[PDB]
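Asks: any chance you could fold what I've pasted below:
(chains A and B, ligands or ions: 2)
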2 protein chains.
Amino acid sequence: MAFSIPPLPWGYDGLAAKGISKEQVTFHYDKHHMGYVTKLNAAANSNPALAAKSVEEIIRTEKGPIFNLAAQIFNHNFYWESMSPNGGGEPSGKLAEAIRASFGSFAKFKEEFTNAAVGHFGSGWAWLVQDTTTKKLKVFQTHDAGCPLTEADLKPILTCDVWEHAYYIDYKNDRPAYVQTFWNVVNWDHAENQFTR
Amino acid sequence: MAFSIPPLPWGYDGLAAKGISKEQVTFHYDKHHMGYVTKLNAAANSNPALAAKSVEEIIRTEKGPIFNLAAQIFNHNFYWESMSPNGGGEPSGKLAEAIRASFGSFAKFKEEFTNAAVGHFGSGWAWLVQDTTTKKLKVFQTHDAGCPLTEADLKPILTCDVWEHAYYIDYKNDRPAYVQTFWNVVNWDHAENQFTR
Ligand SMILES: [Fe+3]
Ligand SMILES: [Fe+3]
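Replies: Residues are numbered from 1 along each chain as shown, chains lettered A, B, ... in the order given. Ligands and ions are numbered 1, 2, ... in the order given. Structure as follows:
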């Protein structure tokens, strides 16, 4: 039973106190996120070769509907880890310095990331990524199930899901208020560990 | 103040007895549909030439965010017309015959359209269109704000919005159930009129 996903890092109701409700997290994880696993497992049932590949291996090598499934699996995993009930505020140490050295300031990064997340048209993802050659951090968008892992030199640090299902239950059309909530839950512990390796 | 949209053909609660609630229609129309109009009016404020263009002219000639706004305006206008509190069932007369002449049967058409609507990944639109050269009817998908008017010989007949905001209030993740509701409100009167010209 080929593919699985980790449990939510902080439980179904983990972000309720900070603006992402138990109901919002339940539909998103149980229906959307697990739905991809379900569909991937069905594809894997008749293809032993596919079943033996990691989600990351699939993202790097596959195309079409099967790519979208693995990509969405990784993106959602990374999304839940990008948030915490103890998130928010600004980072410190290595990451905070790197943000300054790439964006000029935290405020400027926050502006660019907000503008990317709020401005994305249709279904997609706002990322903080690092260029592994230059070591520069950048804001980076993907559309639909796009994933920075398909680009040779990009290492994801953080992501915010901006598909409508990520926020529709709590925020309806109001994605700006959702993104403001993302800033209150953003997990700098996870981001720092991604940055460091 | 340059652009406007028609009122809902059948009122905010018009489809509530057939599976699309007042709430769902209110957010879709008041927030999403009218939101495009507001954003297009802001672009038109400083650009008298754009302000004097029809939405269809913009769809055929402009590119980028301004295209997306006009195309979404047209597409949503067409969507509301594509439904009716008196819709559902099967067409009659000229359109019913043309459906048979293009798909082999109404059932086959319905299967193909349902598969398109349900299967569309990310944000988009399922359409019935006519090729104005061959006269043949086809199921045709657009992604994001894509609009059949950008292709020379396609005339739209009907559309179902499959952006998550179109169904998320009433149906959450369950797009299949939403598409089944679409079949109960589909407006053959609008379809027939688009077909005949
Ligand atoms: Fe999602
Ligand atoms: Fe819509």
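
Asks: ok, residue A:37 touching residue A:5?
Replies: Yes - between residue A:37 and residue A:5 there is a contact under Cβ atoms under 8 Å: 5.6 Å. For the C-beta atoms, the positions are set from N, CA and C on the backbone; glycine is no exception.

Asks: helix/strand/coil for the closest residue to residue A:179 other than its chain neighbours?
Replies: For residue A:179, ignoring the flanking residues on the chain, the nearest one in space by Cβ to Cβ, 6 or more residues apart in numbering or on different chains is residue A:117 at 4.8 Å. Look at residue A:117: counting by DSSP: H, G, I helix; E, B strand; the rest coil, its state is helix.

Asks: ditto for the one 4 residues further on
Replies: For residue A:121, the secondary-structure state derived from three-state DSSP is coil.

Asks: wait, residue A:169 touches residue A:25, no?
Replies: No - proximity of residue A:169 to residue A:25 does not meet the contact threshold set by Cβ under 8 Å, at 9.1 Å.

Asks: list the contacts of residue A:108.
Replies: Contacts for residue A:108 were tallied using Cβ atoms under 8 Å, 6 or more residues apart in numbering or on different chains; there are none.

Asks: so, in contact with chain B or not, the top helix by length along chain A?
Replies: Longest helix of chain A, by residue count under DSSP state H: helix A:64-81. Yes - contact between helix A:64-81 and chain B is present through A:65, A:68 (criterion: Cβ under 8 Å from any Cβ of the partner chain).

Asks: which parts of chain A sit against chain B?
Replies: Residues of chain A lying near chain B (Cβ under 8 Å from any Cβ): A:27, A:31-32, A:35, A:65, A:68, A:121-123, A:143-145, A:163-165, A:168-169, A:172-173.

Asks: go again with 7 Å.
Replies: A:27, A:31-32, A:68, A:121-123, A:144, A:163-165, A:168, A:172-173 (Cβ under 7 Å from any Cβ of the partner chain).

Asks: give the buried residues for stretch A:9-24.
Replies: The neighbour-count check on stretch A:9-24 (16 or more other Cβ atoms under 10 Å in any protein chain shown) flags A:10, A:12, A:14-16, A:18-20, A:24 as buried.

Asks: relative to the whole chain's centre, how far out is it?
Replies: 16 Å (Cα atoms, centre = their mean, to the nearest Å).

Asks: start and end of that stretch, how far apart?
Replies: 15 Å (Cα to Cα, to the nearest Å).

Asks: for it, give me every contacting residue.
Replies: Residues outside stretch A:9-24 that contact it (Cβ atoms under 7 Å, 6 or more residues apart in numbering or on different chains): A:8, A:25-26, A:80-81, A:83-85, A:169-170, A:181, A:184-185.

Asks: what's the answer for stretch A:26-34, then?
Replies: A:5, A:8, A:12, A:76, A:165-166, A:169, B:172-173.

Asks: out of these, which is most surrounded?
Replies: residue A:166 (25 neighbours; other Cβ atoms under 10 Å in any protein chain shown).

Asks: flag every residue of chain A that's near ligand 1.
Replies: A:32, A:161, A:163, A:166 (Cβ under 5 Å from the ion).

Asks: got any residues that touch both of residue A:169 and residue A:25?
Replies: With Cβ under 7 Å, 6+ apart, residue A:169 and residue A:25 have no common neighbours.

Asks: thinking again about what came up before, let me have the contacts of stretch A:26-34 in TSV, extended by secondary structure and distance to residue A:152.
Replies: Shown next, in TSV, are the contacts of stretch A:26-34 (DSSP: H, G, I helix; E, B strand; the rest coil; distance: Cβ to Cβ, whole Å):
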residue	secondary structure	distance to residue A:152
A:5	coil	26
A:8	coil	31
A:12	coil	37
A:76	helix	23
A:165	helix	30
A:166	helix	28
A:169	helix	37
B:172	coil	38
B:173	coil	34
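
Asks: what are the contacting residues of the helix or strand following the longest helix of chain A?
Replies: Sequence order places helix A:93-103 as the next helix or strand after helix A:64-81, per DSSP states H and E. With contacts defined as Cβ under 7 Å, 6+ apart, helix A:93-103 is touched by A:90-91, A:106, A:109, A:112, A:136-138, A:188, A:191-192, A:195-196.

Asks: redo that, cut-off 10 Å
Replies: A:90-91, A:105-106, A:108-113, A:128, A:130-131, A:134-139, A:157-158, A:188-189, A:191-196 (Cβ atoms under 10 Å, 6 or more residues apart in numbering or on different chains).

Asks: restricted to strands, list the residues you listed.
Replies: A:128, A:130-131, A:137-139, A:157-158 (DSSP state E).
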